[PDB]
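I have placed the structure first, in the form of structure tokens, so that the comments after it can refer back to it.
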Amino acid sequence: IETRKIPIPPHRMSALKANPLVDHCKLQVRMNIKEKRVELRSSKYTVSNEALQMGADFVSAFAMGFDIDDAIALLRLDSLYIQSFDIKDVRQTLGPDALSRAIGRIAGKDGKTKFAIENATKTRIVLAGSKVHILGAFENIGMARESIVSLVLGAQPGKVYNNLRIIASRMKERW
RNA sequence: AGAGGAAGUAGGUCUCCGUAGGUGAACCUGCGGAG
């Protein structure tokens, strides 16, 4: 018998107050969004450390900016990963014109560039300033990560999107 | 002004917060900030 408690940011508290993991994995839950904690407890119907760690990963992935439409995908498919890239990781210049210009390049007006990158490499990303979070299979996470870091190296989004599309097609192909 | 003669050229998304107005709890728009 093991328990795991996770902290949540003060962003998604109403969305966590929305309504089930006891039905999903037979693992008893408690919540308190004023101490920012969510208790996960394993019962006699709870069988595996896989179920424990996957419930923990599902709740933390809902906490870090994804909704349930992209979180029950993590509850369901075991090939699905999350990777959280800080924009402060590997940096091309020392100059502090970073945050606004970089996430203006990555996000794009009305979400055009983030959305086209998502549709191109089949991954699902969310963007909040310094931290950008990628969800999907880890080769798609590698594709989205190399596209985003080539966006912050200062390459144009048209050329980056073209190369991303051709790499995504060659990765979809079997032989 | 005249019929002839002869010639030549052809780039801030999402979420939250503080605002100000709107039709009020909520909610919408605009702005200023943090993730």
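Note on naming: chains are A, B, ... as they come in the structure tokens, residues start from 1 per chain, ligands start from 1 in the order shown.
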Item to complete: Kindly provide, as a PyMOL selection string, the residues of chain B having any atom no farther than 12 Å from an atom of chain A, counting only C-alpha atoms (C1' of nucleotides).
Response: chain B and resi 11-17+34-35
Practice prompt. Just the helix (DSSP H, G or I) stuff from range 8-172 of chain A, please, per backbone DSSP, written as a PyMOL selection string.
Written response: chain A and resi 13-17+21-25+49-63+68-70+72-76+99-107+109-121+138-152+157-172
Worksheet entry | Members of chain A assigned strand (DSSP E) by DSSP, as a PyMOL selection string | chain A and resi 3-7+28-32+37-41+81-86+124-128+131-136
Fill in: Residues near residue 18 in chain B, cut-off 12 Å, only C-alpha atoms (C1' of nucleotides), skip fewer than 5 positions along chain, as a list in words
residues 31, 32, 33 and 34 of chain B
Practice prompt. Skip residue 49 in chain A itself and residues of its chain fewer than 3 positions away, then list as a PyMOL selection string all residues within 12 Å of it, counting only C-alpha atoms (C1' of nucleotides).
Written response: chain A and resi 1-4+25+27+41-43+46+52-57
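The coordinates place CA of residue 93 in chain A at 10.7 Å from CA of residue 154 in chain A.
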For residue 26 in chain A, find every residue with an atom within 6 Å (counting only C-alpha atoms (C1' of nucleotides)), except residues of its own chain fewer than 3 positions away, and show them as a PDB file with N, CA, C and O atoms, in the first residue's frame.
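Output saved as part35.pdb:
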```
ATOM      1  N   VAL A  22     -11.334   7.082  -9.368  1.00  0.00           N
ATOM      2  CA  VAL A  22     -11.753   5.904  -8.613  1.00  0.00           C
ATOM      3  C   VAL A  22     -12.435   4.895  -9.535  1.00  0.00           C
ATOM      4  O   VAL A  22     -12.156   3.695  -9.452  1.00  0.00           O
ATOM      5  N   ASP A  23     -13.224   5.365 -10.504  1.00  0.00           N
ATOM      6  CA  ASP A  23     -13.850   4.483 -11.477  1.00  0.00           C
ATOM      7  C   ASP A  23     -12.840   4.022 -12.517  1.00  0.00           C
ATOM      8  O   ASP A  23     -12.915   2.880 -12.989  1.00  0.00           O
ATOM      9  N   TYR A  45      -8.470  -2.923  -4.283  1.00  0.00           N
ATOM     10  CA  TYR A  45      -8.773  -3.101  -5.696  1.00  0.00           C
ATOM     11  C   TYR A  45      -7.668  -2.551  -6.588  1.00  0.00           C
ATOM     12  O   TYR A  45      -7.540  -2.986  -7.737  1.00  0.00           O
ATOM     13  N   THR A  46      -6.869  -1.613  -6.081  1.00  0.00           N
ATOM     14  CA  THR A  46      -5.706  -1.104  -6.794  1.00  0.00           C
ATOM     15  C   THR A  46      -4.589  -2.134  -6.759  1.00  0.00           C
ATOM     16  O   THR A  46      -4.186  -2.592  -5.686  1.00  0.00           O
TER      17      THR A  46
END
```
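In this structure, CA of residue 87 in chain A sits 18.5 Å away from CA of residue 140 in chain A.
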Discussion item. As an MDAnalysis selection string, please: the residues near range 72-79 of chain A (cut-off 9 Å, only C-alpha atoms (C1' of nucleotides), same-chain neighbours under 3 positions excluded).
Written reply: chainID A and resid 24 54:55 57:58 61 67:69 82 135:138
Discussion item. If we count only C-alpha atoms (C1' of nucleotides) and set the cut-off at 10 Å, which residues sit around residue 147 in chain A, ignoring sequence neighbours fewer than 5 positions away in its own chain? Please answer as a ChimeraX atom specification.
Written reply: /A:106,117,121,141-142,152-153,155,157,160-161,163-164
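We find CA of residue 8 in chain A and CA of residue 88 in chain A to be spaced 22.3 Å apart.
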